[PDB]
Amino acid sequence: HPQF
Amino acid sequence: XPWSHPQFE
Amino acid sequence: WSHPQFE
Amino acid sequence: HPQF
Amino acid sequence: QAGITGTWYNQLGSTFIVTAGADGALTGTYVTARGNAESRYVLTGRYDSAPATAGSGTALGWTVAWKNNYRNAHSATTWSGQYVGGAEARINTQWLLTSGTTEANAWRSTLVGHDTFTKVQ
Amino acid sequence: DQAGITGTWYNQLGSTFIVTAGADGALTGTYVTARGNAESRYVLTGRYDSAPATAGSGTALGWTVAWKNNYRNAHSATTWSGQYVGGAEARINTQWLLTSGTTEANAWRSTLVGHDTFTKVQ
Amino acid sequence: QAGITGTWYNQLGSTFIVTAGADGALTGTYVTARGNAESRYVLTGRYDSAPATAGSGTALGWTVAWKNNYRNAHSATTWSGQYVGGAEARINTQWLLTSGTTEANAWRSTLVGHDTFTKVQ
Amino acid sequence: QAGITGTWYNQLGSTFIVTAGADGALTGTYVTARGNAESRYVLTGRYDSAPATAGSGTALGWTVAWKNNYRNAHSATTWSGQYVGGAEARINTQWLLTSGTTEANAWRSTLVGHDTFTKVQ
């Protein structure tokens, strides 16, 4: 997921 | 938190 | 994808 | 509160 | 989007009046059940502006800081959740209410809960 | 205050939080994931308490990112709720909720919870 | 509580069978809606064993690790909430489901949600 | 089992002493920062006694109700997280602290936060  | 809060009045 | 809590 |  | 835009009520009778913008913006007014001008607060947030897929909800979130021209409660709530359409559209959320505190009381700064909104009320 | 929140912040996992705090309580800016390229930038909006009660008190705030931009869409949105603390080592301490679009059957797996601490750039 | 002691059901069809010890212990079995023996898990927890006040809830929590002799989902859920006695007895909870992850994936290790239990199927 | 068993310290001066049973049991004592007898509370929980790999964490949870022979805060906390083994072992958690309330004030019943524990005093 981009957030990390 | 307070005793009263506008979100739940 | 699945889990026993919600089967 | 005791937790803290 | 077209479904999100409108007036919503939660289980306590609070009112959520929202415009969903074409590109993912949420803007509007959150009105505590009391109902007067003293009870109106600005909201802003974001939602997934992709065309809705088969039977899946649309992710969204918004924030209210509990300060307006009349009152300041020195706190802000974020709601995180998803919009579902159909005969009975609903927005299902979990929220965090963070109060401003001293650092010694920070461990005690954030309440958690949940709200369900319907366009019926 | 508002000069204190406005700026560039980073969290513990390498993300960047680029924000402007308005005098009216508005938060507006850009969230950048750890990869740091163009496909890593997302719009953020939120609100904060623009008149905090004492001087030793933190400033309550919140913001949202929906994880869609021109390049990618994770069909999800994160909200961060927390407090700004100023001073020498100014910080923004948050708890966050990440919700994904799901079917009604999978709603139990829709919302992740966590926490992030952000420190400012000199 | 002999009020807390008993068989509880949540919205989804899951069953919560609990003994409340006089001292504050909670012990029992959590049964997923599927019903059979591979659906039964051990639970333990604690509750406030003080006598209840004037219409205020009794705080409690409990844990299930989702391993039994048949299955291991490598995860554990905690429920935190309160028991409301009387004729329409209820346990209202918020829960956290944590899965064992690598350290790179810890940030997505914990789901949050809510459940309501009553003694009525 | 021998990994989790021991004495753990959080970031704010609290201690908890736990035995991890081979069956997945967690049993022990939580001590708040004061560190005297009025500061000691029973804890119980569960953990995954067969985690999935050497590099994945071990999911666990436990509850403390904040009642002992000396004090009663009419509340209970649950911790949900994972144990990370090796030679700098950790327990990383998120917690929910629920207080007994009237239904009118149930909105303020549950606080949320996080705790990291190490075996280093």
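As a convention, Cβ positions derive from the backbone with ideal geometry for all residues, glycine included, and neighbour counts pool all protein chains shown. A short reminder: the numbers here are calculations on the coordinates, not readings from a lab.
Among F:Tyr71, G:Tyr30, which comes first, then next, by fewest other beta-carbon atoms within 10 Å?
F:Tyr71, G:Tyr30
What is the spread of the Cα atoms of region F:11-122 along each of their three principal axes, largest first, in whole Å?
47, 31, 26
Under 10 Å, Cα contacts only: if you run a Gaussian network model on chain G, which one of G:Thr32, G:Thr15, G:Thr53 comes out with the highest mean-square fluctuation?
Result: G:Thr53 has the largest fluctuation of those listed.
From other protein chains only, count the Cβ atoms within 10 Å of every residue's Cβ in G:28-36, then give the mean.
Across the residues of G:28-36, the mean count of other-chain Cβ atoms within 10 Å is 2.
Take chain H, connect every pair of alpha-carbon atoms lying under 10 Å apart with a spring to form a Gaussian network, then pick out the residue of H:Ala54, H:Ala22, H:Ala76 with the largest mean-square fluctuation.
Among H:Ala54, H:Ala22, H:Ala76, the largest mean-square fluctuation in the Gaussian network model of chain H belongs to H:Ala54.
What is the fewest-to-most order of F:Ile18, H:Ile91 by other Cβ atoms lying within 10 Å of their Cβ?
Least crowded to most crowded, the residues run F:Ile18, H:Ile91.
Test of understanding: in a Gaussian network model of chain H with alpha carbons linked when under 10 Å, which of H:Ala20, H:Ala52, H:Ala33 would top the mean-square fluctuation ranking?
Per the Cα network of chain H with a 10 Å cutoff, H:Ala52 tops the list.
Calculate the FRET efficiency for H:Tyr9 and G:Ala50 from the Cβ-Cβ distance with a Förster distance of 35 Å, rounded to the nearest 0.05.
Efficiency, from the Cβ-Cβ distance: 0.75.
Report the label-to-label distance for H:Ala37 and E:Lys119 in nanometres (one decimal), using points 7 Å from each Cα along the Cα→Cβ vector.
For the pair H:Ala37/E:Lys119, the computed spacing is 6.5 nm.
Tell me the net charge near H:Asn68. Cut-off is 9 Å between Cβ atoms, H:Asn68 excluded, with +1 for each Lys or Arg and -1 for each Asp or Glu.
Within the 9 Å Cβ shell, the charges total +2.
Ranked by Cβ crowding within 10 angstrom, fewest neighbours first, how are A:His1, H:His114 ordered?
Ranked by crowding around the Cβ, least crowded first: A:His1, H:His114.
Give, rounded to the nearest 20 debye, the magnitude of the charge dipole that chain F has about its Cα centre when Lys and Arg contribute +1 at Cβ and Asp and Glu contribute -1 at Cβ.
It works out to roughly 340 debye.
Which whole number in µm²/s is D for the protein assembly as shown by Stokes-Einstein, with the Kirkwood Rh taken over Cα pairs at 10 °C and 1.306 mPa s?
Diffusion coefficient, whole number: 68 µm²/s.
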